[PDB]
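Comments concern the structure below.
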Amino acid sequence: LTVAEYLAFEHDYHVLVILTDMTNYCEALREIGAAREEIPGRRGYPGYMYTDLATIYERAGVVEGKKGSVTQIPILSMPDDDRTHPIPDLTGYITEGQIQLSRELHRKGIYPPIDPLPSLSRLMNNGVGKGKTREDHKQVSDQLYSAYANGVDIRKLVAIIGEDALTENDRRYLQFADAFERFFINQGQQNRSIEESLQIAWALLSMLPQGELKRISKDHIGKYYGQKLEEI
Amino acid sequence: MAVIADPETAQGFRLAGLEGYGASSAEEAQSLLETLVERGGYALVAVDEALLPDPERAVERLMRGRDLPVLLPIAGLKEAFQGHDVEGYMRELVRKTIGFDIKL
Amino acid sequence: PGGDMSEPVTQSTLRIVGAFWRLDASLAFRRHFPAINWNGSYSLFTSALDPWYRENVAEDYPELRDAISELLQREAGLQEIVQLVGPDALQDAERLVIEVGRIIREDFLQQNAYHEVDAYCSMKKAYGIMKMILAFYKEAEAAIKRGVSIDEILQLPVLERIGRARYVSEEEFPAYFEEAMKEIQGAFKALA
Amino acid sequence: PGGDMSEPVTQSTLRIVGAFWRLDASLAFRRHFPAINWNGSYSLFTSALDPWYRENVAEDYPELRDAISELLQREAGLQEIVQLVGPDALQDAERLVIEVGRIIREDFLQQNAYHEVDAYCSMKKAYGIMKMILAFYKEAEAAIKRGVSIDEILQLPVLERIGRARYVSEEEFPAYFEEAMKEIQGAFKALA
Amino acid sequence: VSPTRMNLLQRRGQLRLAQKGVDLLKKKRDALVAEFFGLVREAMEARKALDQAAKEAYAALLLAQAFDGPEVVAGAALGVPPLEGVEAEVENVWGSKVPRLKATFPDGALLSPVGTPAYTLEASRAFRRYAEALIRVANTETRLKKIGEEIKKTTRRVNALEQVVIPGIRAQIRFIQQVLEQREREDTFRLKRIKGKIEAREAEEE
């Protein structure tokens, strides 16, 4: 982060910092703290772990009057997939959202196995739209989240009452969820442009009727709706 | 005890001591079964597949607490002489009951 | 303590080791040796070792290994159905993958540590065994869509030929493998 | 502290006492007294006291006590199924075991320390109550074995007689016990 | 829930009970599936018998209505009262009640069976055999559907136990274990401080 700050705020670089495993850092911190007879915290981690993590995470940002930037993507492995574990819990209290990988999606052979339902970017609303990526970005993202959540909870309902009792809309949302997981989330090693990703998102949304897209205004539906997923 | 079917066979049921209706279309069959179910006292009601694939799905709103009247789909008159697949019927009944639709 | 992997020692070990060979007592109870649970086991070295395999045993080998792993996964995906209903209630496509999973287990995965020739297996002999198994599976999958039912396929002598591939010596294996490939090709052509 | 029986004092006492009478908060909440946790309680003096019981109470008293203990163990075993599928999903024999266990708990194990009569119980009165309960259970099992519905066995007035046998004075108890035994025989004679 | 060692043991016992309940429910499901697969063969045999009866009834009806005037056969049928020929008695299947149709076959109660048509009386027996096949198929099929719904309920219970109950109990067990380990660590800290104070007093002023 010292190198990143130097580059960004003395040479106008846009720096992306990737911290490969903060879990290992927290174990090292627990070692160092417990070596000094300190009162342990929630699971033996030092009580000042929040402050120590903050002194790392808070160094990212943008400064008024300067062109550079520092962006951080910490990566941590949640022990036993418990998010209430002190490491992810304290990280979440400091960072501006989180991206959570899904073991179920990984089990189904999807890469990268990102689960959008528990994921969130707090600063997303101020960084998308006209003049930044393109106008319909926010509405498309909201509609994707709504439709995928509906597909997921309909899928959960299916396990109880069976598939034969669902309406046409629930079946369509199941198809949308399956296609979404297979094509939007599952992308392998492809380097997709934002325009390509929006194209795929709109193709997935076209599997739903126009009247189902409550999030999206009719102008963007007129502009972009009606593209077939059959195109590669 | 009732069986609803085409009039040429509705005579045989009352010829056997039972009672039967002559029906010509699916809407007539649905009206007949609601107009039979609203009143109790009938042990069995039968409708063929020709004008009703699912007799229970036509009156489930009334049988769900008082399912004493038994319902059964029967073969059509042409399909009676020419026969019909019971393996397919077995698999669809498996789909309705256990749901796997996987058997041999 | 009681096989509970959640122990901090096991979590610390699995974070740094590149492979995990899950030894299972249930498999040993069924007399499946080595009792290595292929469902829970993993290896992080496959991608790095792939060029060595392509250079040294076969350029096809990684694809065959992935195909065998996929067949094992498909067999594992049918366990709850086979638990609920007998294997005879399965469709011919599902019965085929069940029988091929049985073949894979009992003729490739199982290995007799006390046998005079089966205690050791080279990479090429294993590759030939997977070749035979996958060729048989493909031929049987074609025969199924040719209207051939499962139980004539299960009676073919190629079953016993593949079952005996483990116990043939290393220097005699190439001839046995080519003969087996030829007769697996032949046995399904003559089948009705 | 906090009702935690794993605390050092309780565990230390557990290692030296001959009898352990564990009290249960759940029983005390529902005003079931003396609120002894039967599952968690034990006594190491039972075998050494048997000759005295035979000489002073009855020759078959240990057998009756063991029968009551076995019935309670069977009820405890069936309660695991009951909490899973409900009491109405059991068969008639298991439901009879459940109801007899309830009878034992409410009419034998329960004792009101502030009642003018139930505060003290003699050994012979307890023996008579146990004998009545066991005779009723044997007659009920015989009747159930020949198709008699359990739902009408529970409605017999002799059930209430056994339930209220607790509040019978010591000198009036033998006549009550004789009448209750006669009624136990007669009521199950009447049920076909 | 208050984290205590006794409570932790209680939760672990509950987890064991839930696992045993899952196993017991799976065995019950296996028994139900065996019964269902026997009953499906019985149902297919009943359905084939119904097909045969339908053929033998309507073939006779077609011939009789052509050899003899439809009005005569209609009047002969109208002379027979539409009586209540069958009774519904609830048979018990795996703790549930299903009605079994018991046909009285009230041949003596069918007043005025005499008729001028030559083959109507045989058609009467043929159509009564048809009704008997109907009641047989209905009797088998109601039991089949009830067994199917019992299997559905058992699978629902198994899924609920495996997805909602057991993971929840496991999470509570983990939480209680974490709290107990926290308390152990605090006790160790306190004991270390006490030992330090004892050593300080002894080594500085005895």
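The way I read the labels, and the way they are meant: chains A, B, ... in the order of the structure tokens, residue 1 as the first residue of every chain, and ligand 1 as the first ligand shown, with later ones counted on from there.
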For this session: Using only C-alpha atoms, determine which residues lie at most 8 Å from residue 121 of chain A, disregarding the query and same-chain residues fewer than 3 positions distant; provide the list as an MDAnalysis selection string.
Result: chainID A and resid 96:99 124
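Using only C-alpha atoms, we find that the part of chain E lying within 12 Å of chain C comprises residues 26, 27, 28, 29, 30, 31, 32, 33, 34, 35, 36, 37, 151, 155 and 174 of chain E.
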Expected file contents, prior selection, C-alpha atoms, as a PDB file, in the first residue's frame:
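The result, stored in selection30.pdb:
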ATOM      1  CA  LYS E  26     -35.610 -43.179   5.159  1.00  0.00           C
ATOM      2  CA  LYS E  27     -36.358 -46.780   6.145  1.00  0.00           C
ATOM      3  CA  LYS E  28     -40.068 -45.937   6.286  1.00  0.00           C
ATOM      4  CA  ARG E  29     -39.767 -44.400   2.816  1.00  0.00           C
ATOM      5  CA  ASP E  30     -38.120 -47.583   1.530  1.00  0.00           C
ATOM      6  CA  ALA E  31     -40.988 -49.688   2.887  1.00  0.00           C
ATOM      7  CA  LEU E  32     -43.525 -47.294   1.364  1.00  0.00           C
ATOM      8  CA  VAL E  33     -41.787 -47.430  -2.022  1.00  0.00           C
ATOM      9  CA  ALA E  34     -41.799 -51.238  -2.013  1.00  0.00           C
ATOM     10  CA  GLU E  35     -45.525 -51.177  -1.230  1.00  0.00           C
ATOM     11  CA  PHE E  36     -46.081 -48.573  -3.958  1.00  0.00           C
ATOM     12  CA  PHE E  37     -44.270 -50.652  -6.568  1.00  0.00           C
ATOM     13  CA  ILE E 151     -44.163 -41.054   0.137  1.00  0.00           C
ATOM     14  CA  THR E 155     -39.643 -37.184   1.522  1.00  0.00           C
ATOM     15  CA  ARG E 174     -20.647 -24.429  17.054  1.00  0.00           C
TER      16      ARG E 174
END
Return as JSON lines the residues of chain E lying at most 12 Å from chain A, together with the closest atom-to-atom pair for each and the distance in Å to one decimal, counting only C-alpha atoms, with rows in chain order and ascending residue number.
{"residue": "E:149", "atom": "CA", "partner": "A:161", "partner_atom": "CA", "distance": 11.4}
{"residue": "E:152", "atom": "CA", "partner": "A:160", "partner_atom": "CA", "distance": 9.0}
{"residue": "E:153", "atom": "CA", "partner": "A:160", "partner_atom": "CA", "distance": 9.5}
{"residue": "E:154", "atom": "CA", "partner": "A:160", "partner_atom": "CA", "distance": 11.5}
{"residue": "E:155", "atom": "CA", "partner": "A:160", "partner_atom": "CA", "distance": 9.3}
{"residue": "E:156", "atom": "CA", "partner": "A:160", "partner_atom": "CA", "distance": 6.7}
{"residue": "E:157", "atom": "CA", "partner": "A:160", "partner_atom": "CA", "distance": 10.0}
{"residue": "E:158", "atom": "CA", "partner": "A:160", "partner_atom": "CA", "distance": 11.5}
{"residue": "E:159", "atom": "CA", "partner": "A:159", "partner_atom": "CA", "distance": 8.8}
{"residue": "E:160", "atom": "CA", "partner": "A:160", "partner_atom": "CA", "distance": 9.5}
{"residue": "E:163", "atom": "CA", "partner": "A:159", "partner_atom": "CA", "distance": 11.4}
{"residue": "E:171", "atom": "CA", "partner": "A:82", "partner_atom": "CA", "distance": 9.5}
{"residue": "E:174", "atom": "CA", "partner": "A:82", "partner_atom": "CA", "distance": 10.3}
{"residue": "E:175", "atom": "CA", "partner": "A:84", "partner_atom": "CA", "distance": 10.2}
{"residue": "E:177", "atom": "CA", "partner": "A:43", "partner_atom": "CA", "distance": 10.9}
{"residue": "E:178", "atom": "CA", "partner": "A:43", "partner_atom": "CA", "distance": 7.4}
{"residue": "E:179", "atom": "CA", "partner": "A:42", "partner_atom": "CA", "distance": 8.8}
{"residue": "E:180", "atom": "CA", "partner": "A:43", "partner_atom": "CA", "distance": 10.7}
{"residue": "E:181", "atom": "CA", "partner": "A:43", "partner_atom": "CA", "distance": 8.0}
{"residue": "E:182", "atom": "CA", "partner": "A:43", "partner_atom": "CA", "distance": 6.6}
{"residue": "E:183", "atom": "CA", "partner": "A:42", "partner_atom": "CA", "distance": 10.2}
{"residue": "E:184", "atom": "CA", "partner": "A:44", "partner_atom": "CA", "distance": 10.8}
{"residue": "E:185", "atom": "CA", "partner": "A:40", "partner_atom": "CA", "distance": 7.6}
{"residue": "E:186", "atom": "CA", "partner": "A:40", "partner_atom": "CA", "distance": 7.8}
{"residue": "E:187", "atom": "CA", "partner": "A:39", "partner_atom": "CA", "distance": 10.8}
{"residue": "E:188", "atom": "CA", "partner": "A:39", "partner_atom": "CA", "distance": 10.0}
{"residue": "E:189", "atom": "CA", "partner": "A:39", "partner_atom": "CA", "distance": 6.9}
{"residue": "E:190", "atom": "CA", "partner": "A:39", "partner_atom": "CA", "distance": 9.5}
{"residue": "E:192", "atom": "CA", "partner": "A:37", "partner_atom": "CA", "distance": 9.3}
{"residue": "E:193", "atom": "CA", "partner": "A:37", "partner_atom": "CA", "distance": 9.9}
{"residue": "E:196", "atom": "CA", "partner": "A:37", "partner_atom": "CA", "distance": 11.6}
Which of segment 25-192 of chain E end up as helix (DSSP H, G or I) when DSSP is run on this backbone - answer as a compact mmCIF listing (two decimals) with C-alpha atoms, in the first residue's frame?
# COMPACT_ATOMS: atom_id res chain seq x y z
CA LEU E 25 -37.78 -41.91 8.02
CA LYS E 26 -35.61 -43.18 5.16
CA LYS E 27 -36.36 -46.78 6.15
CA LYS E 28 -40.07 -45.94 6.29
CA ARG E 29 -39.77 -44.40 2.82
CA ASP E 30 -38.12 -47.58 1.53
CA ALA E 31 -40.99 -49.69 2.89
CA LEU E 32 -43.53 -47.29 1.36
CA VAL E 33 -41.79 -47.43 -2.02
CA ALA E 34 -41.80 -51.24 -2.01
CA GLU E 35 -45.53 -51.18 -1.23
CA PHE E 36 -46.08 -48.57 -3.96
CA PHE E 37 -44.27 -50.65 -6.57
CA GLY E 38 -46.33 -53.72 -5.74
CA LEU E 39 -49.49 -51.64 -5.86
CA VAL E 40 -48.60 -50.17 -9.26
CA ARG E 41 -48.45 -53.67 -10.77
CA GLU E 42 -51.79 -54.45 -9.13
CA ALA E 43 -53.17 -51.22 -10.61
CA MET E 44 -51.93 -52.05 -14.11
CA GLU E 45 -53.57 -55.48 -13.90
CA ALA E 46 -56.82 -53.87 -12.74
CA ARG E 47 -56.64 -51.35 -15.59
CA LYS E 48 -56.16 -54.12 -18.15
CA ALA E 49 -59.17 -55.95 -16.69
CA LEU E 50 -61.14 -52.70 -16.97
CA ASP E 51 -60.14 -52.38 -20.63
CA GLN E 52 -61.32 -55.95 -21.28
CA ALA E 53 -64.62 -55.32 -19.49
CA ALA E 54 -65.16 -52.08 -21.42
CA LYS E 55 -64.64 -53.91 -24.71
CA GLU E 56 -66.95 -56.79 -23.80
CA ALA E 57 -69.61 -54.38 -22.54
CA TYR E 58 -69.72 -51.86 -25.38
CA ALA E 59 -69.39 -54.55 -28.06
CA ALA E 60 -72.53 -56.17 -26.67
CA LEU E 61 -74.25 -52.79 -26.34
CA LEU E 62 -73.58 -51.92 -29.99
CA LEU E 63 -75.01 -55.23 -31.22
CA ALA E 64 -78.08 -55.08 -28.97
CA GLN E 65 -78.94 -51.51 -29.97
CA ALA E 66 -78.84 -52.50 -33.66
CA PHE E 67 -80.65 -55.85 -33.46
CA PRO E 70 -83.04 -48.34 -28.92
CA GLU E 71 -86.41 -47.31 -27.46
CA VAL E 72 -87.15 -50.83 -26.20
CA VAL E 73 -83.75 -51.15 -24.49
CA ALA E 74 -84.11 -47.63 -23.09
CA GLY E 75 -87.49 -48.52 -21.60
CA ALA E 76 -86.08 -51.76 -20.19
CA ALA E 77 -83.31 -49.76 -18.51
CA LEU E 78 -85.83 -47.18 -17.26
CA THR E 120 -80.18 -57.03 -23.30
CA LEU E 121 -80.06 -59.33 -20.25
CA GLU E 122 -76.54 -60.44 -21.20
CA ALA E 123 -75.60 -56.77 -21.63
CA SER E 124 -76.94 -56.18 -18.12
CA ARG E 125 -74.52 -58.79 -16.77
CA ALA E 126 -71.79 -57.40 -19.03
CA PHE E 127 -72.32 -53.84 -17.81
CA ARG E 128 -72.47 -55.01 -14.20
CA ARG E 129 -69.12 -56.72 -14.76
CA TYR E 130 -68.02 -53.37 -16.21
CA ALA E 131 -69.10 -51.64 -13.00
CA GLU E 132 -67.29 -54.29 -10.95
CA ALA E 133 -64.10 -53.60 -12.91
CA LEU E 134 -64.70 -49.89 -12.31
CA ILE E 135 -64.92 -50.35 -8.55
CA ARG E 136 -61.86 -52.63 -8.56
CA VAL E 137 -59.75 -50.10 -10.47
CA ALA E 138 -60.97 -47.24 -8.27
CA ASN E 139 -60.20 -49.25 -5.13
CA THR E 140 -56.65 -49.96 -6.27
CA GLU E 141 -56.03 -46.42 -7.53
CA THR E 142 -57.17 -44.61 -4.38
CA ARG E 143 -54.73 -46.72 -2.35
CA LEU E 144 -52.02 -46.03 -4.93
CA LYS E 145 -52.52 -42.26 -4.71
CA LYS E 146 -52.62 -42.38 -0.91
CA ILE E 147 -49.34 -44.30 -0.82
CA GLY E 148 -47.87 -41.79 -3.26
CA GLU E 149 -48.87 -38.86 -1.06
CA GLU E 150 -47.47 -40.68 1.99
CA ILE E 151 -44.16 -41.05 0.14
CA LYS E 152 -44.32 -37.35 -0.70
CA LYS E 153 -44.86 -36.45 2.96
CA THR E 154 -42.02 -38.72 4.08
CA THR E 155 -39.64 -37.18 1.52
CA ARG E 156 -40.73 -33.71 2.65
CA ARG E 157 -39.94 -34.60 6.27
CA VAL E 158 -36.57 -36.09 5.31
CA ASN E 159 -35.65 -33.00 3.29
CA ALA E 160 -36.75 -30.66 6.07
CA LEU E 161 -34.66 -32.54 8.63
CA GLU E 162 -31.62 -32.66 6.35
CA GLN E 163 -31.78 -29.00 5.31
CA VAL E 164 -33.32 -26.85 8.07
CA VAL E 165 -33.13 -28.77 11.34
CA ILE E 166 -29.72 -30.48 11.36
CA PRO E 167 -27.68 -27.50 10.03
CA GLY E 168 -29.39 -25.23 12.56
CA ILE E 169 -28.55 -27.50 15.50
CA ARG E 170 -25.01 -27.79 14.17
CA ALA E 171 -24.72 -24.00 14.07
CA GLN E 172 -25.95 -23.69 17.66
CA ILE E 173 -23.45 -26.37 18.73
CA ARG E 174 -20.65 -24.43 17.05
CA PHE E 175 -21.77 -21.18 18.70
CA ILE E 176 -21.90 -22.74 22.17
CA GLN E 177 -18.48 -24.32 21.66
CA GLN E 178 -17.04 -20.94 20.65
CA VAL E 179 -18.49 -19.23 23.73
CA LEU E 180 -17.15 -21.94 26.04
CA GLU E 181 -13.69 -21.70 24.46
CA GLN E 182 -13.80 -17.91 24.90
CA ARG E 183 -14.56 -18.35 28.60
CA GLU E 184 -11.70 -20.85 28.90
CA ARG E 185 -9.30 -18.36 27.32
CA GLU E 186 -10.40 -15.60 29.70
CA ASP E 187 -9.91 -17.94 32.66
CA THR E 188 -6.40 -18.73 31.43
CA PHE E 189 -5.63 -15.01 31.21
CA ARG E 190 -6.88 -14.46 34.77
CA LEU E 191 -4.84 -17.39 36.10
CA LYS E 192 -1.71 -16.05 34.39
Show me, as a PDB file with N, CA and C atoms, in the first residue's frame, the residues that have an atom within 9 Å of segment 206-210 of chain A when counting only C-alpha atoms, minus same-chain residues fewer than 2 positions from it.
ATOM      1  N   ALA A 147     -34.915 -10.597 -10.780  1.00  0.00           N
ATOM      2  CA  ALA A 147     -35.301 -11.803 -11.499  1.00  0.00           C
ATOM      3  C   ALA A 147     -34.554 -13.025 -10.983  1.00  0.00           C
ATOM      4  N   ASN A 169     -45.313 -18.230 -15.203  1.00  0.00           N
ATOM      5  CA  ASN A 169     -44.317 -17.246 -14.790  1.00  0.00           C
ATOM      6  C   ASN A 169     -43.217 -17.884 -13.951  1.00  0.00           C
ATOM      7  N   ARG A 172     -40.953 -19.791 -16.228  1.00  0.00           N
ATOM      8  CA  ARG A 172     -40.093 -18.873 -16.964  1.00  0.00           C
ATOM      9  C   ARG A 172     -38.967 -18.343 -16.087  1.00  0.00           C
ATOM     10  N   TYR A 173     -39.255 -18.060 -14.816  1.00  0.00           N
ATOM     11  CA  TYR A 173     -38.205 -17.602 -13.913  1.00  0.00           C
ATOM     12  C   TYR A 173     -37.200 -18.705 -13.610  1.00  0.00           C
ATOM     13  N   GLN A 175     -36.355 -21.012 -15.847  1.00  0.00           N
ATOM     14  CA  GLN A 175     -35.521 -21.001 -17.046  1.00  0.00           C
ATOM     15  C   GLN A 175     -34.531 -19.846 -17.007  1.00  0.00           C
ATOM     16  N   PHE A 176     -34.985 -18.671 -16.565  1.00  0.00           N
ATOM     17  CA  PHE A 176     -34.091 -17.524 -16.471  1.00  0.00           C
ATOM     18  C   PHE A 176     -32.961 -17.789 -15.488  1.00  0.00           C
ATOM     19  N   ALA A 201     -26.628  -9.753 -20.450  1.00  0.00           N
ATOM     20  CA  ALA A 201     -27.675  -9.492 -19.470  1.00  0.00           C
ATOM     21  C   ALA A 201     -29.002  -9.199 -20.153  1.00  0.00           C
ATOM     22  N   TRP A 202     -28.970  -8.399 -21.217  1.00  0.00           N
ATOM     23  CA  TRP A 202     -30.196  -8.075 -21.935  1.00  0.00           C
ATOM     24  C   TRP A 202     -30.761  -9.297 -22.647  1.00  0.00           C
ATOM     25  N   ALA A 203     -29.887 -10.146 -23.191  1.00  0.00           N
ATOM     26  CA  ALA A 203     -30.354 -11.385 -23.803  1.00  0.00           C
ATOM     27  C   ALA A 203     -31.034 -12.279 -22.776  1.00  0.00           C
ATOM     28  N   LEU A 204     -30.480 -12.348 -21.566  1.00  0.00           N
ATOM     29  CA  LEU A 204     -31.120 -13.109 -20.496  1.00  0.00           C
ATOM     30  C   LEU A 204     -32.452 -12.485 -20.094  1.00  0.00           C
ATOM     31  N   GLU A 212     -42.859  -7.951 -17.251  1.00  0.00           N
ATOM     32  CA  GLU A 212     -42.241  -8.410 -16.014  1.00  0.00           C
ATOM     33  C   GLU A 212     -41.086  -7.524 -15.568  1.00  0.00           C
ATOM     34  N   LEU A 213     -40.556  -6.687 -16.459  1.00  0.00           N
ATOM     35  CA  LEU A 213     -39.396  -5.853 -16.149  1.00  0.00           C
ATOM     36  C   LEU A 213     -39.838  -4.537 -15.506  1.00  0.00           C
ATOM     37  N   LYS A 214     -40.223  -4.636 -14.231  1.00  0.00           N
ATOM     38  CA  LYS A 214     -40.685  -3.458 -13.504  1.00  0.00           C
ATOM     39  C   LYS A 214     -39.551  -2.475 -13.241  1.00  0.00           C
ATOM     40  N   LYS A 218     -39.272   1.980 -19.852  1.00  0.00           N
ATOM     41  CA  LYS A 218     -39.652   1.506 -21.178  1.00  0.00           C
ATOM     42  C   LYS A 218     -38.730   2.022 -22.276  1.00  0.00           C
ATOM     43  N   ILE A 221     -36.016  -0.539 -22.498  1.00  0.00           N
ATOM     44  CA  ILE A 221     -36.602  -1.734 -23.093  1.00  0.00           C
ATOM     45  C   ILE A 221     -36.724  -1.564 -24.601  1.00  0.00           C
ATOM     46  N   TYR A 225     -34.117  -4.320 -25.454  1.00  0.00           N
ATOM     47  CA  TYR A 225     -34.840  -5.578 -25.341  1.00  0.00           C
ATOM     48  C   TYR A 225     -35.075  -6.192 -26.716  1.00  0.00           C
ATOM     49  N   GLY A 226     -35.091  -7.519 -26.754  1.00  0.00           N
ATOM     50  CA  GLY A 226     -35.392  -8.225 -27.983  1.00  0.00           C
ATOM     51  C   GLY A 226     -34.184  -8.764 -28.715  1.00  0.00           C
ATOM     52  N   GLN A 227     -33.145  -9.155 -27.987  1.00  0.00           N
ATOM     53  CA  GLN A 227     -31.947  -9.740 -28.570  1.00  0.00           C
ATOM     54  C   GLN A 227     -31.840 -11.191 -28.125  1.00  0.00           C
ATOM     55  N   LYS A 228     -31.527 -12.074 -29.067  1.00  0.00           N
ATOM     56  CA  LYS A 228     -31.548 -13.504 -28.801  1.00  0.00           C
ATOM     57  C   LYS A 228     -30.246 -13.959 -28.155  1.00  0.00           C
ATOM     58  N   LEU A 229     -30.369 -14.831 -27.152  1.00  0.00           N
ATOM     59  CA  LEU A 229     -29.196 -15.437 -26.534  1.00  0.00           C
ATOM     60  C   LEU A 229     -28.497 -16.413 -27.467  1.00  0.00           C
TER      61      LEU A 229
END
Give the strand (DSSP E or B) residues of chain B, as assigned by DSSP on the backbone, as a tab-separated table (two decimals) with C-alpha atoms, in the first residue's frame.
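As a result, selection23.tsv now contains:
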chain	number	residue	atom	x	y	z
B	2	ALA	CA	-72.65	-41.69	-11.49
B	3	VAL	CA	-70.75	-42.10	-14.74
B	4	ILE	CA	-70.79	-39.32	-17.34
B	5	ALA	CA	-69.98	-40.22	-20.94
B	19	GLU	CA	-77.05	-43.96	-13.43
B	20	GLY	CA	-75.37	-42.01	-16.21
B	21	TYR	CA	-75.34	-38.70	-18.09
B	22	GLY	CA	-74.91	-38.07	-21.80
B	44	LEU	CA	-68.07	-42.89	-7.30
B	45	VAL	CA	-68.07	-40.59	-10.32
B	46	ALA	CA	-66.35	-41.43	-13.59
B	47	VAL	CA	-65.45	-39.35	-16.65
B	48	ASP	CA	-63.49	-40.59	-19.65
B	70	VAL	CA	-64.09	-41.39	-5.78
B	71	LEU	CA	-63.12	-40.13	-9.24
B	72	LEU	CA	-61.64	-42.17	-12.07
B	73	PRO	CA	-60.69	-41.51	-15.72
B	74	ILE	CA	-61.82	-44.20	-18.17
What are the nearest atom pairs, with distances in Å to one decimal, for all residues of chain C that come at most 10 Å from chain B, using only C-alpha atoms, set out by chain and rising residue number as JSON lines?
{"residue": "C:81", "atom": "CA", "partner": "B:100", "partner_atom": "CA", "distance": 9.1}
{"residue": "C:85", "atom": "CA", "partner": "B:103", "partner_atom": "CA", "distance": 8.9}
{"residue": "C:86", "atom": "CA", "partner": "B:103", "partner_atom": "CA", "distance": 9.7}
{"residue": "C:87", "atom": "CA", "partner": "B:103", "partner_atom": "CA", "distance": 9.7}
{"residue": "C:88", "atom": "CA", "partner": "B:104", "partner_atom": "CA", "distance": 7.4}
{"residue": "C:89", "atom": "CA", "partner": "B:103", "partner_atom": "CA", "distance": 4.6}
{"residue": "C:90", "atom": "CA", "partner": "B:103", "partner_atom": "CA", "distance": 5.9}
{"residue": "C:91", "atom": "CA", "partner": "B:102", "partner_atom": "CA", "distance": 6.8}
{"residue": "C:92", "atom": "CA", "partner": "B:104", "partner_atom": "CA", "distance": 9.2}
Problem set entry | Who sits within 8 Å of residue 60 of chain A, only C-alpha atoms, same chain under 2 positions skipped, as a list in words | residues 57, 58, 62, 69, 70, 71 and 72 of chain A
Keeping only C-alpha atoms, take the residues you just selected and write them out as a PDB file, in the first residue's frame.
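Below is the file that was written, out05.pdb:
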ATOM      1  CA  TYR A  57      -8.131  -0.991   4.239  1.00  0.00           C
ATOM      2  CA  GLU A  58      -8.628   2.756   4.752  1.00  0.00           C
ATOM      3  CA  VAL A  62      -9.389   9.097  -4.200  1.00  0.00           C
ATOM      4  CA  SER A  69      -6.578   6.395  -7.324  1.00  0.00           C
ATOM      5  CA  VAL A  70      -6.006   3.382  -5.083  1.00  0.00           C
ATOM      6  CA  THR A  71      -8.459   0.488  -5.342  1.00  0.00           C
ATOM      7  CA  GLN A  72      -8.239  -2.517  -3.027  1.00  0.00           C
TER       8      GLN A  72
END
Please provide as a PDB file with C-alpha atoms, in the first residue's frame all residues within 10 Å of residue 27 of chain B, with the sequence filter that same-chain residues fewer than 6 positions apart are discarded (counting only C-alpha atoms).
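File written: around_39.pdb
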ATOM      1  CA  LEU B  33     -69.185 -32.714 -12.357  1.00  0.00           C
ATOM      2  CA  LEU B  51     -63.490 -34.892 -22.680  1.00  0.00           C
ATOM      3  CA  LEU B  52     -61.631 -34.718 -19.341  1.00  0.00           C
TER       4      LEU B  52
END
For this session: Tell me which protein, DNA and RNA residues are within 9 Å of residue 65 of chain C, counting only C-alpha atoms, leaving out same-chain ones fewer than 5 positions away, and put them as a PyMOL selection string.
Result: chain C and resi 60+70+127+130
Exercise. Which residues come within 8 Å of segment 10-23 of chain D, counting only C-alpha atoms, excluding same-chain residues fewer than 3 positions away, as a PyMOL selection string?
Worked result: chain D and resi 5-7+34-38+40-45
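Each of A:103, A:30, A:11, A:108 was checked against chain C using only C-alpha atoms; the smallest atom-to-atom distance is that of A:108.
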For this session: May I have the residues of chain B within 6 Å of chain E, counting only C-alpha atoms, written as a list in words?
Result: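 Residues passing the distance filter: residues 14, 15, 16, 17, 18, 19, 80, 81, 97 and 98 of chain B.
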For this session: Compute the set of chain A residues within 12 Å of chain C, using only C-alpha atoms, and express it as a PyMOL selection string.
Result: chain A and resi 21+23-24+27+77-81+107-109
Go through chain B and flag each residue having an atom no more than 10 Å from chain A; for those, report the closest pair of atoms plus their distance in Å to one decimal, using only C-alpha atoms, ordered by chain and rising number, as a Markdown table.
| residue | atom | partner | partner_atom | distance |
| --- | --- | --- | --- | --- |
| B:95 | CA | A:164 | CA | 9.1 |
| B:96 | CA | A:164 | CA | 8.6 |
| B:99 | CA | A:162 | CA | 8.3 |
Using N, CA, C and O atoms, can you write the selected residues to a file as a PDB file, in the first residue's frame?
ATOM      1  N   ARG B  95     -45.722 -40.075 -12.386  1.00  0.00           N
ATOM      2  CA  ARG B  95     -45.423 -38.647 -12.342  1.00  0.00           C
ATOM      3  C   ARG B  95     -46.346 -37.918 -11.373  1.00  0.00           C
ATOM      4  O   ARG B  95     -45.920 -37.002 -10.662  1.00  0.00           O
ATOM      5  N   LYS B  96     -47.620 -38.306 -11.341  1.00  0.00           N
ATOM      6  CA  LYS B  96     -48.564 -37.665 -10.432  1.00  0.00           C
ATOM      7  C   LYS B  96     -48.375 -38.098  -8.982  1.00  0.00           C
ATOM      8  O   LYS B  96     -48.673 -37.315  -8.074  1.00  0.00           O
ATOM      9  N   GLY B  99     -43.600 -39.006  -8.871  1.00  0.00           N
ATOM     10  CA  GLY B  99     -43.135 -37.883  -9.658  1.00  0.00           C
ATOM     11  C   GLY B  99     -41.891 -38.134 -10.483  1.00  0.00           C
ATOM     12  O   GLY B  99     -41.543 -37.291 -11.319  1.00  0.00           O
TER      13      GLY B  99
END
